[PDB]
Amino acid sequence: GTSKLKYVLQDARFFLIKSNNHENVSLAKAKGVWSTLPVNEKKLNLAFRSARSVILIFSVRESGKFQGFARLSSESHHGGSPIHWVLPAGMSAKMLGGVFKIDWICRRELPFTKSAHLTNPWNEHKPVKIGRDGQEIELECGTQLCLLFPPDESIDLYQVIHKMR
């Protein structure tokens, strides 16, 4: 039943996350962490402090797909275990220094062809697949996008819901 997913998404804020490669998204799924560029990092830290849930919807550049979505469980933190990100040309470790903890809600993929009917009113009513890293998605649009994902049987939402209450 979608009621427990809908619970997590109530009053949430939604952000498109773009990755230059697949490897860092697979690493994010294995380790439950994410790092982003500094302007987006500050925006996510601010959203985490005020929003009931901050939802990151992942899409690898030029893949034509979303690869899943996750909920922020902490602000970004520096120091400790350095994440062995695969750095594309022009990307540095210091560029991505802050590490967010995230809890995956769905790790299954959704191709753009199945979201062709969803438009984001916070991006000129363009299709939700249109956007740069950190593009905010309006509440209703982001909710419907997350509900389009097939259910992920490898996900138990207990830990997420427990830390929310």
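Take the two forms, superpose them, and find the largest set of C-alpha atoms that agree within 1.5 Å; that set is the rigid core. The first residue of the shown sequence is 1; numbering continues from there.
K.L.:
Quick one: with the core lined up, is it 22 to 30 or 95 to 103 that wanders further in 8 other deposited structures of this protein, going by C-alpha RMS?
P.N.:
Evaluated in 8 other deposited structures of this protein, the stretch farther from the shown form is 95 to 103.
K.L.:
On a core superposition, give the stretch, 152 to 160 or 138 to 146, with the larger average C-alpha separation from this form in 8 other deposited structures of this protein (RMS over structures and residues).
P.N.:
When 152 to 160 and 138 to 146 are compared in 8 other deposited structures of this protein, 152 to 160 lies farther out.
K.L.:
Can you tell me whether 118 to 126 has a higher mean C-alpha B factor than 102 to 110 in this record, or the other way round?
P.N.:
Looking at the recorded C-alpha B-factors, 118 to 126 comes out higher on average.
K.L.:
Which has higher Cα B-factors on average according to the PDB entry: 81 to 89 or 67 to 75?
P.N.:
Mean CA B-factor is higher for 81 to 89.
K.L.:
Consider only the C-alpha atoms of the modelled residues in this chain, order them by B-factor as the entry records it, and name the third containing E140: lowest, middle or highest.
P.N.:
Highest third.
K.L.:
Just say lowest, middle or highest third for the CA B-factor of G131 relative to the other modelled residues in its chain.
P.N.:
For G131, whose C-alpha B-factor we compare with every modelled residue in the chain, the answer is the middle third.
K.L.:
Among the modelled residues of this chain, does the Cα B factor of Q10 put it in the lowest, middle or highest third?
P.N.:
Middle third of the chain for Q10's C-alpha B-factor.
K.L.:
Lowest, middle or highest third: where is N24 by C-alpha B factor in its chain?
P.N.:
Bottom third by C-alpha B-factor.
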